[PDB]
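Structure, as structure tokens:
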2 protein chains.
Amino acid sequence: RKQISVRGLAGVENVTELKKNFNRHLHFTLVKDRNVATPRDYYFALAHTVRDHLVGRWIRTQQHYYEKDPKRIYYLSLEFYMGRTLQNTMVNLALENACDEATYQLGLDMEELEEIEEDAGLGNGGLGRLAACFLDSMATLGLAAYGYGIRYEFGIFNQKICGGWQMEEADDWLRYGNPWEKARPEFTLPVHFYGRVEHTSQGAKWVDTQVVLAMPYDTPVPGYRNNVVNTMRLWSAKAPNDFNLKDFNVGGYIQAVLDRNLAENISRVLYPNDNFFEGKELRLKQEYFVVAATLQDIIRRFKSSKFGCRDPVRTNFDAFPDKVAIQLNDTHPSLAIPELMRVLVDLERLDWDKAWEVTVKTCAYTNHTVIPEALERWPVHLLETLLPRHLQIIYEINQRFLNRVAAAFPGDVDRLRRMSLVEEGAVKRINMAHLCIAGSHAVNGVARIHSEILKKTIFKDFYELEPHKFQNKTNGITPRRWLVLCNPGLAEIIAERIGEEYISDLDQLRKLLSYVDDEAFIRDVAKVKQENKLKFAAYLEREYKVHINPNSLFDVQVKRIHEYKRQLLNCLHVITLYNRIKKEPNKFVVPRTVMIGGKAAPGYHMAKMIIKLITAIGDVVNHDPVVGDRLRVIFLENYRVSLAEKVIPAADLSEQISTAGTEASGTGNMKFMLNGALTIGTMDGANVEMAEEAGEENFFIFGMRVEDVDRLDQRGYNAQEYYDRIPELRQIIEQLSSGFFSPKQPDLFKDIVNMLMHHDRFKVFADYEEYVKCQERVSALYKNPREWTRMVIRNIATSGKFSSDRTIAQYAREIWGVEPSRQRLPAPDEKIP
Amino acid sequence: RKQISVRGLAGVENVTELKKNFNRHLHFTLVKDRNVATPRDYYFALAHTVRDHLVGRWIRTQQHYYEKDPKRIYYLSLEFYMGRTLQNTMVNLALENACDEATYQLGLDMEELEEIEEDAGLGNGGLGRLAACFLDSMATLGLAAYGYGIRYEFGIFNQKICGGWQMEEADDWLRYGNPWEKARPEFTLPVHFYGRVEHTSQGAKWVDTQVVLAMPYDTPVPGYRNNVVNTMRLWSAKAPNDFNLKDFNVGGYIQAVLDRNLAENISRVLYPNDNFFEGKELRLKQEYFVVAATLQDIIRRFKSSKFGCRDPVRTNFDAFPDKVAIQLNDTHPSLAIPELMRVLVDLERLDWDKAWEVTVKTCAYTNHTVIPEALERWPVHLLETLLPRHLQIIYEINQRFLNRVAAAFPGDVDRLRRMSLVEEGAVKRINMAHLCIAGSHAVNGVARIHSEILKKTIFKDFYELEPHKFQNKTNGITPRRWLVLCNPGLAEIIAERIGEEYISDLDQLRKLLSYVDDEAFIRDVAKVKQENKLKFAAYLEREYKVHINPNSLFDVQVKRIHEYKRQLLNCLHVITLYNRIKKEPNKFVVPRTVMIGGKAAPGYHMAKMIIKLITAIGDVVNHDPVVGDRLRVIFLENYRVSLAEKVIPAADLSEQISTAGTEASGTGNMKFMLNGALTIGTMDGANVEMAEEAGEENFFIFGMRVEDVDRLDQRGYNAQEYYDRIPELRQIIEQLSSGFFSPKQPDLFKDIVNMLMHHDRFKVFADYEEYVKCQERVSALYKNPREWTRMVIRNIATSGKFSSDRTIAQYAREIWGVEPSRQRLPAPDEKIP
Ligand SMILES: OC[C@H]1O[C@H](O[C@H]2[C@H](O)[C@@H](O)[C@@H](O[C@H]3[C@H](O)[C@@H](O)[C@@H](O[C@H]4[C@H](O)[C@@H](O)[C@@H](O[C@H]5[C@H](O)[C@@H](O)[C@@H](O)O[C@@H]5CO)O[C@@H]4CO)O[C@@H]3CO)O[C@@H]2CO)[C@H](O)[C@@H](O)[C@@H]1O
Ligand SMILES: OC[C@H]1O[C@H](O[C@H]2[C@H](O)[C@@H](O)[C@@H](O[C@H]3[C@H](O)[C@@H](O)[C@@H](O[C@H]4[C@H](O)[C@@H](O)[C@@H](O[C@H]5[C@H](O)[C@@H](O)[C@@H](O)O[C@@H]5CO)O[C@@H]4CO)O[C@@H]3CO)O[C@@H]2CO)[C@H](O)[C@@H](O)[C@@H]1O
Ligand SMILES: O=P(O)(O)C[C@H]1O[C@H](CO)[C@@H](O)[C@H](O)[C@H]1O
Ligand SMILES: O=P(O)(O)C[C@H]1O[C@H](CO)[C@@H](O)[C@H](O)[C@H]1O
Ligand SMILES: O=P(O)(O)C[C@H]1O[C@H](CO)[C@@H](O)[C@H](O)[C@H]1O
Ligand SMILES: O=P(O)(O)C[C@H]1O[C@H](CO)[C@@H](O)[C@H](O)[C@H]1O
Ligand SMILES: *Cc1c(COP(=O)(O)O)cnc(C)c1O
Ligand SMILES: *Cc1c(COP(=O)(O)O)cnc(C)c1O
């Protein structure tokens with residue numbers, strides 16, 4: 001509808017420079033002319049002109065580190081959920097407004113072109129987005145940091161609801177190209193698979209291995225206005241030419257060539273599994289592949305440092321921990337630990353015990369869940385086929401480890417079977433979380449309760465052996481994408497009162513508590529959210545047709561569709577709302593639009609069932625005339641980062657409803673809090689630190705605390721109890737059991753009814769009384785709008801702790817041992833020296 | 001050693017412009033800086049700066065044709081053997097010398113960088129190079145022409161001789177990228193496979209087909225200094241997202257994604273088969289794929305023309321032949337004919353008989369061989385599975401065709417089984433050469449005897465039915481790559497006397513007969529060849545080590561290794577030479593370096609055997625001390641276009657030794673003739689028109705003419721006869737039979753001995769007397785150097801007829817019906833209008 005904002009300066013020479021370079025790429029890069037270039041061609045010419053302002057800084061940031069050669073942070077993750085890159089790169093370079101003017105005086109709209117860009121969907125959700133937000137934060141804090149992972153040809157599937165069912169389809173995100181990567185095939189590396197271990201004369205050798213090659217592609221990761229542009233290096237698999245062809249004595253020349261895309265399948269697709277574990281060979285291959293190739297790039301750079309010169313010399317890998325820190329995001333790169341031992345002992349010839357001190361001091365591990373089906377416990381027969389030397393290194397690590405445990409708790413023979421990284425049984429397995437605690441020097445959780453639950457439950461044995469290892473580092477979100485970029489209007493009205501230094505110092509938002517009684521600030525804050533609601537209802541009417549009321553409470557739960565996350569409890573609540581105004585049709589109720597969105601992993605039947613329940617409910621509700629427009633249920637299709645930048649600004653209520661003690665942190669919860677939604681949520685994850693930051697009076701907590709959850713388990717949860725005692729709940733179950741919500745096929749929802757009644761791992765009935773109660777308290781407040789905005793102003797004003805710049809400044813200081821910085825690196829300028 | 005030449009002007013502003021743009025791409029495109037950029041990075045910055053001078057012209061050449069909208073020539077070929085593109089694009093734009101100065105004053109050597117570029121090996125040999133030379137000629141003659149084919153990820157394999165055996169390896173030519181193509185994914189197209197034909201109400205429909213998508217990549221094809229830049233559009237296969245994923249009810253989400261590279265295998269690899277026929281499903285798929293997608297691009301452009309406006313209107317496909325000419329290179333795109341009928345009848349609803357007149361008038365076919373194992377005769381069961389509607393269209397074409405034949409030769413029932421496009425028998429098959437003659441309006445051969453042999457033997461029946469169809473268009477070579485570019489020194493000394501207009505008017509070389517007695521020209525012509533010999537002996541010493549004598553006759557046969565080409569006869573000759581100076585060690589013989597190079601198709605055992613024989617001979621010869629350096633045998637490894645640009649300038653004698661009546665034309669023979677080698681060859685292929693052009697006295701013809709070959713077949717060839725009567729031949733066979741040439745495994749060569757003796761399809765013994773005789777006559781002349789250079793000056797001076805510009809000016813006029821032109825299109829200059 002309009003905007004100027006402080007998306008930086010649109011100054012005379014630079015708007016001019018821009019338009020020229022735009023027209024240059026459309027011709028020379030695109031080989032398209034004005035009369036034939038479509039909005040996608042206009043998108044790539046600007047994408048190409050914005051990455052031109054980035055290579056100068058990138059090249060100088062990387063030669064800079066060679067010259068100073070800091071300790072280098074390697075963030076190994078198998079997921080990186082980046083979303084789109086043009087506007088984020090414009091924000092961090094301060095080009096937002098010069099390219100908006102430039103595009104204006106060239107007759108295009110930036111926002112049309114910005115919507116053309118495909119999201120890079122290299123992640124499933126929150127572990128992968130945490131990685132993407134960390135990368136922004138490490139560059140904004142001047143850290144010599146490199147994010148490393150796999151370049152998946154197909155990222156997370158694109159979800160389509162057909163007949164209300166999720167239909168998954170392939171994310172061919174590279175179809176039109178990627179202007180942001182730079183393929184580097186000169187730097188390809190081998191990764192060995194299979195083979196045998198010969199034991200001779202001096203050491204072991206892994207022999208007769210198969211060779212896949214690792215082709216790196218680098219993406220720049222620009223800091224917020226400080227001229228640092230760090231790197232995301234993502235490996236692609238390529239078959240070699242000699243073995244992947246020559247091994248002879250008949251078998252088809254064409255067949256040997258077509259069989260190459262079988263080694264290259266290692267990076268074809270991301271595994272789409274939310275908090276579950278799949279013991280598939282292709283996954284362990286992907287896990288070894290990014291470990292092997294990355295550790296070679298690590299050592300290469302450590303062998304230059306300045307030791308490839310001197311500092312001492314006579315290859316002292318002693319200094320390896322003072323030059324390298326490798327962060328394992330979840331156990332997916334836990335083979336970084338046996339592999340660092342392999343290259344150091346086998347290839348580099350250090351003694352076991354030196355190379356162990358060097359491995360534990362450079363590695364650290366971030367635990368992401370306590371739900372036991374998520375734990376990777378790879379069967380031993382898999383590892384002996386695929387990685388026979390690494391298995392060997394794991395057995396010797398385990399041997400030596402349990403010798404520590406038995407020394408320290410002598411005689412405690414059941415502790416020994418519990419702490420072992422080898423899980424005995426029918427299928428002998430390797431417990432990778434155990435590997436990670438044995439070979440890292442810092443193990444951390446993602447939120448204070450999740451960190452305490454690790455010390456007290458899941459890893460109490462390891463905590464008693466080595467209390468010094470366990471840490472907590474509560475998650476964060478980046479203020480640049482999650483505020484500046486999806487909510488420019490909220491950021492400009494904050495910018496107006498307190499300035500802009502808060503975008504890399506979010507704790508400053510607390511100076512906003514002075515304006516909680518300002519009537520100009522209250523009205524502005526509230527107009528921004530009504531505007532946001534209004535542009536999203538438009539988006540919905542446009543891209544997905546639907547039409548909703550902008551004057552309702554926009555109640556939204558968006559995250560992956562898992563039972564512990566409790567889209568079902570939320571569901572039960574909206575079926576109640578419906579039933580209550582059907583009983584009393586002519587009662588005023590605060591009108592609300594409830595929007596649930598998220599993806600199910602392919603073969604998770606319950607999750608596919610819940611998406612069918614939600615769309616089945618909106619089939620009844622959205623078509624009942626007595627309901628009018630007072631209640632609408634919208635399933636939000638193909639949830640991902642660009643849609644989260646659209647929804648979370650338009651939200652009034654944020655559903656963070658998991659059973660206490662299951663969500664380790666959550667980060668969706670933090671994003672909604674700096675964007676002026678109010679939380680309704682259990683004392684779970686970081687919801688506890690958020691309520692603690694704003695004050696419990698300003699948050700809408702309900703439900704069972706974790707102590708009450710264990711008490712109910714001690715007792716035994718009996719869901720028939722809640723059904724019997726609560727008539728509104730009984731009525732809802734029967735409606736489900738009789739086909740009220742599935743007419744032409746009445747027994748349709750009997751899997752979900754049977755579960756809630758008899759197999760509810762997450763206790764949905766136990767929290768239903770206190771949940772519809774709490775929900776009556778947000779509607780009470782909604783219709784006292786000035787007092788909702790003042791509660792909102794106290795949530796927004798207390799979001800500081802949930803910046804990823806604070807989380808990274810604490811890993812930096814207490815795990816990696818580097819000091820952050822914000823001194824901007826010298827200006828982009830020219831010089832080829 | 002030095003050069004200035006007339007590689008155009010190196011003028012002040014433009015050398016300056018160049019260096020700046022070089023440094024621009026190395027930074028912004030390459031993201032490499034001077035201190036870290038290798039010679040490959042320097043190659044891509046110049047490749048990128050030379051294609052910058054080409055997009056202006058390309059875009060304006062293509063909008064130009066839209067505006068004037070000529071008849072458009074579509075050259076459909078499954079092979080296109082382009083070799084490398086930088087220097088060829090510099091020649092045609094006149095940038096050779098500005099970029100040589102530019103690179104000089106930047107401290108690099110062009111020739112180092114020019115050697116970095118990978119050859120685009122999208123062809124096997126001569127059919128594919130003919131296509132590549134035609135494209136140059138069509139752009140140099142201002143024709144609205146488009147070359148269409150498949151973009152193979154792997155081209156022709158790279159050959160490596162290990163233990164003297166060919167080892168084939170994959171040509172991953174795209175590893176480092178291609179700076180010359182422009183991917184156009186917005187223009188992807190579907191190609192249907194499998195399915196069924198429903199017959200209902202109005203017409204047939206091909207239903208339940210599988211869908212592969214065709215992703216086009218365009219390469220510019222610049223004319224010689226006339227600002228036309230035409231297009232090579234090459235299709236790539238891409239799996240769709242919906243069917244290649246959704247078809248459900250359990251079967252693995254990861255499996256559905258990994259199974260996509262199975263539709264994309266259609267463009268993975270070129271079939272490496274020289275004049276043979278493989279009836280494999282993947283080949284017919286590749287053949288339908290480039291036909292389907294191309295015919296859609298043809299019709300699209302015919303539906304704009306100006307009829308998508310008017311000219312008449314009420315969709316008159318009548319004018320289709322006056323707007324389109326599609327040339328089928330060999331029978332590999334013969335499905336262009338049933339497919340043009342399918343879209344016109346089934347989709348476009350014309351009557352059969354209108355659409356047949358429109359198909360025969362737009363299609364034309366070039367026959368490339370008479371050797372019967374080369375003929376594609378696709379089994380009927382293959383086509384009914386894969387293309388069931390097309391099979392149907394072929395049966396109805398055949399029905400209607402034989403009704404013409406039987407009307408015109410009433411009662412001649414064996415003619416009817418001979419002319420049928422359906423070859424009855426155990427495996428019923430479709431004769432594709434027959435398809436092509438029924439549905440083209442011009443059928444042509446590639447040289448005057450090959451054209452006569454078609455009218456008299458292989459296609460006499462079709463010639464009697466339709467004499468008007470049969471034509472001849474003798475092959476050509478492009479004077480720009482095959483003279484200007486690999487022989488700048490020979491081109492500058494010609495340029496000195498007669499000027500340079502000969503590079504697009506090669507017939508002008510005849511004004512060189514005036515200098516056949518010029519002693520300055522004789523000495524220059526001879527110094528150029530000694531220089532060339534000297535740089536190739538260096539190349540050999542460098543890249544392949546070998547060391548040879550530059551003062552010998554460089555005797556070279558380079559082409560594919562097939563029995564009809566007769567690398568064995570040449571072999572028998574060098575074993576004789578060896579034996580003769582072993583008999584008489586101290587006889588002066590003219591010293592010669594014999595170089596045989598070329599690739600065998602993978603499973604062609606005889607061809608793999610002949611490469612082993614040749615390297616086995618050089619094992620004896622190159623190590624015999626009594627031989628001294630008087631004779632050396634060099635097998636020329638990994639023969640291809642860039643090596644042919646190195647060898648053919650350095651050649652003194654050119655071996656064009658096939659059994660008369662088998663090589664249809666040959667083009668290697670023409671390249672050697674404009675580069676000052678003298679031919680020894682049978683009266684075969686275009687060797688007959690070449691001898692005829694220079695005078696038989698100036699050529700070294702020997703051997704059986706084709707009449708003598710049929711006489712010997714009438715009689716029955718008995719190779720024991722030649723063995724018995726010729727002692728030098730008897731001695732050679734015994735040396736082979738006893739392991740003289742294969743010591744540690746004596747029976748090694750008994751496949752080749754057994755064949756020559758009992759199964760010689762190509763009569764190698766029949767031509768051996770006259771061949772070692774003719775070979776004594778070139779050595780006689782070699783050691784009268786001034787009289788060799790004067791014979792050479794009469795071959796070079798009479799090469800005009802063998803330009804591809806003459807061949808294309810005759811297809812243009814007598815088959816496609818367009819007039820060539822040489823008026824340069826307006827200067828590249830600016831304007832976005
Ligand atoms: O060359 C060095 C070394 O080699 C040899 O030892 C190696 C073993 O031969 C090899 O099999 C491998 O051993 C693994 C073992 O395979 C694996 O099962 C695992 O065993 C653990 C259990 O996982 C753990 O639960 C616990 O089990 C006990 C438990 O205390 C007890 O309470 C009861 O419940 O059952 C079990 C029986 O006591 O402990 C065991 C180990 O005690 O871990 C092993 C080590 O990873 O690797 C060995 C090291 O390379 C030679 O035998 C040895 O002498 C040489 O020093
Ligand atoms: O709906 C239109 C049309 O449909 C029906 O005809 C179709 C046929 O049913 C269908 O099978 C197909 O016919 C093909 C035939 O399958 C194929 O074998 C081929 O036959 C040729 C031989 O290839 C050729 O050698 C020659 O063979 C004769 C030969 O003259 C003779 O000397 C002796 O040696 O042997 C053979 C027996 O006489 O000629 C035959 C054809 O005479 O070609 C056929 C046509 O392509 O396609 C038909 C057309 O769609 C109905 O039968 C018909 O009435 C309708 O008009
Ligand atoms: O992986 P490396 O070698 O440390 C970093 C690579 O990218 C940097 C930024 O483009 C270049 O300065 C460097 O020369 C290049 O090799
Ligand atoms: O599987 P999810 O929820 O997308 C992501 C998981 O990792 C995130 C980042 O550590 C946590 O905040 C979240 O609680 C945890 O369940
Ligand atoms: O295949 P088409 O559409 O005929 C030719 C294509 O390339 C030409 C040269 O870049 C462009 O002018 C044209 O707009 C484009 O669509
Ligand atoms: O298989 P080859 O020899 O490489 C190529 C084939 O097509 C060429 C181009 O029409 C002919 O000149 C040649 O005689 C013929 O055998
Ligand atoms: C931040 C984010 C998540 C995380 O959601 P939680 O509520 O923490 O589970 C998942 N998906 C996307 C698209 C995100 O933006
Ligand atoms: C021209 C050429 C050919 C053709 O050789 P012929 O002697 O006609 O069989 C084959 N390969 C390459 C590399 C060529 O340059």
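Chain labels A, B, ... are given in the sequence in which chains occur in the structure tokens; within each chain residues are numbered consecutively from 1, and ligands are likewise numbered from 1 in the order shown.
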(message) Show me which residues line ligand 6, defined as having an atom within 7 Å of a ligand atom where only C-alpha atoms and all ligand atoms count, and present them as a list in words.
(response) residues 124, 125, 126, 127, 130, 274, 275, 368, 369, 446, 475, 559, 560, 663, 664, 665, 666, 667 and 685 of chain B
(message) Taking the DSSP secondary structure from the backbone, can you list the residues of segment 373-521 of chain A that are alpha helix (DSSP H), as a PyMOL selection string?
(response) chain A and resi 380-386+388-408+413-419+432-439+448-453+460-465+479+488-498+519-521
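The nearest approach to chain A among the residues B:54, B:729, B:426, B:437, with only C-alpha atoms taken into account, belongs to B:54.
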(request) Would you mind listing the residues within 6 Å of ligand 1, counting only C-alpha atoms and all ligand atoms, as a ChimeraX atom specification? (result) /A:395-396,398-399,413-414,416-417,420,422-424
(request) Compute the set of protein, DNA and RNA residues whose minimum atom distance to ligand 3 is at most 7 Å, using only C-alpha atoms and all ligand atoms, and state it as a PyMOL selection string. (result) (chain A and resi 58-59+62-63+297+301) or (chain B and resi 31-32+36)
(request) Write out as an NGL selection string which residues come within 9 Å of residue 144 of chain A when counting only C-alpha atoms, dropping same-chain ones fewer than 6 positions away. (result) :A and (61-62 or 65 or 69-74 or 138 or 230)
For those residues, write C-alpha atoms to a file as a PDB file, in the first residue's frame.
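Result written to part.pdb:
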ATOM      1  CA  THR A  61      37.034 -11.532   4.054  1.00  0.00           C
ATOM      2  CA  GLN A  62      38.644 -14.898   3.000  1.00  0.00           C
ATOM      3  CA  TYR A  65      41.463 -14.796   7.510  1.00  0.00           C
ATOM      4  CA  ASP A  69      44.360 -16.877  10.681  1.00  0.00           C
ATOM      5  CA  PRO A  70      42.056 -17.082  13.606  1.00  0.00           C
ATOM      6  CA  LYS A  71      40.637 -20.167  15.157  1.00  0.00           C
ATOM      7  CA  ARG A  72      38.128 -21.324  12.520  1.00  0.00           C
ATOM      8  CA  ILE A  73      34.648 -22.543  13.327  1.00  0.00           C
ATOM      9  CA  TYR A  74      33.319 -25.387  11.223  1.00  0.00           C
ATOM     10  CA  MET A 138      28.534 -15.888  13.020  1.00  0.00           C
ATOM     11  CA  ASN A 230      31.777 -15.806   5.225  1.00  0.00           C
TER      12      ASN A 230
END
(message) One number please: atom CA of residue 830 of chain A to atom CA of residue 56 of chain A, in Å, one decimal.
(response)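 That distance, rounded to one decimal, is 7.4 Å.
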Compile a residue-level contact table for chain A against chain B at a cut-off of 7 Å, reporting for every qualifying residue the shortest atom pair and its distance in Å to one decimal, with only C-alpha atoms counted, rows ordered by chain and ascending number, as a tab-separated table.
residue	atom	partner	partner_atom	distance
A:28	CA	B:52	CA	6.1
A:31	CA	B:55	CA	6.3
A:52	CA	B:28	CA	6.1
A:55	CA	B:31	CA	6.3
A:169	CA	B:245	CA	6.1
A:170	CA	B:241	CA	5.7
A:175	CA	B:185	CA	6.9
A:176	CA	B:185	CA	6.2
A:185	CA	B:176	CA	6.2
A:241	CA	B:170	CA	5.7
A:242	CA	B:169	CA	6.2
A:245	CA	B:169	CA	6.1
A:246	CA	B:169	CA	6.9
A:253	CA	B:602	CA	7.0
A:258	CA	B:265	CA	6.7
A:265	CA	B:258	CA	6.7
A:268	CA	B:258	CA	6.9
A:602	CA	B:253	CA	7.0
